[PDB]
Amino acid sequence: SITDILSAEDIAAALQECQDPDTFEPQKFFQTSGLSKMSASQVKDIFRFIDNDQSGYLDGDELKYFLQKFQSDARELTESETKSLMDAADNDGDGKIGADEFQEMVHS
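For this coordinate set, the PDB header names solution NMR as the determination method.

Next up, the structure:
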């Protein structure tokens, strides 16, 4: 979902740095460790971190399930955590985070 092409250690720190239900559990994981200096392609694999697609794209509602996808026992990114994901790409006019949208953030 990310380890395809990324620094494994930096991931933990990247994630574990400020992680919490309101700081940036996914974005930090990606950015600090991986996204910071990665091409668009690998982002495809990274993108897989959050939701897979569900119906063509990921959305603020579903974003909480990203953990419930594999861990099927997540906390549901609380009210705040999904903000991270929401703010991850299509936040200003779609509230959805798709691979393309996600790629846009790193490319931004």
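(A) Here's a closer look at the UniProt feature "binding site: Ca(2+) 2" in the chain. Using the residue numbers shown here, the UniProt feature "binding site: Ca(2+) 2" corresponds to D90, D92, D94, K96 and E101. Tracing the backbone through its elements, the reader meets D90 in the loop between α5 (78-86) and α6 (99-107). Judged by relative accessible area, which is 13%, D90 ranks as buried. Filtering out sequence-adjacent residues up to four positions away, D90 remains in contact with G95, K96, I97, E101 and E104. On the secondary structure map, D92 appears in the loop between α5 and α6.

(B) The side chain of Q27, seen in detail. Structurally, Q27 is set in helix α2 (residues 25-34). With a relative accessible area of 11%, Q27 lands in the buried category. Not counting the four nearest positions on each side in its chain, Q27 is found in contact with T32, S84, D87, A88, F102 and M105.

(C) Representation of the UniProt feature "domain: EF-hand" in the chain. Cross-referencing UniProt, the feature "domain: EF-hand" maps to residues 38-73 and 77-108 in the present numbering. Annotation note: span residues 38-73, helix share 36%, strand share 0%, distance between end C-alpha atoms 30 Å. Overall, residues 77-108 shows 56% helix and 0% strand. The separation of its end C-alpha atoms is 25 Å.

(D) Local environment of the pattern of salt bridges. Here the structure, examined in full by the defined rule, presents three salt bridges. One salt bridge connects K69 with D51, and the closest N-O pair in it is separated by 3.2 Å. Within this pair, whereas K69 is found in helix α4 (residues 66-70), its partner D51 is found in the loop between α3 (40-47) and α4, the two being separated by 18 residues in sequence. Assessed through its relative accessible area of 40%, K69 is described here as partly exposed. Residue classification places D51 among the buried residues on the basis of a relative accessible area of 0%. The residue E101 makes a salt bridge to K96 at a minimum N-O spacing of 3.2 Å. The same class applies to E101 as to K96, namely buried.

Quick notes on the rules
Residues numbered from 1 in each chain as written, not as in the entry; some residues may be left out. Heavy atoms only, no water. UniProt positions renumbered as here; feature names shortened; annotations may be inferred. Helix = DSSP H or I, 4+ residues; strand = E, 2+ residues; numbered from the N terminus. Buried < 20%, exposed > 50% of the residue type's maximum accessible area, 1.4 Å probe, protein only. Contact = heavy atoms within 4.5 Å. Salt bridge = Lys/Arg side-chain N within 4 Å of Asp/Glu carboxyl O.

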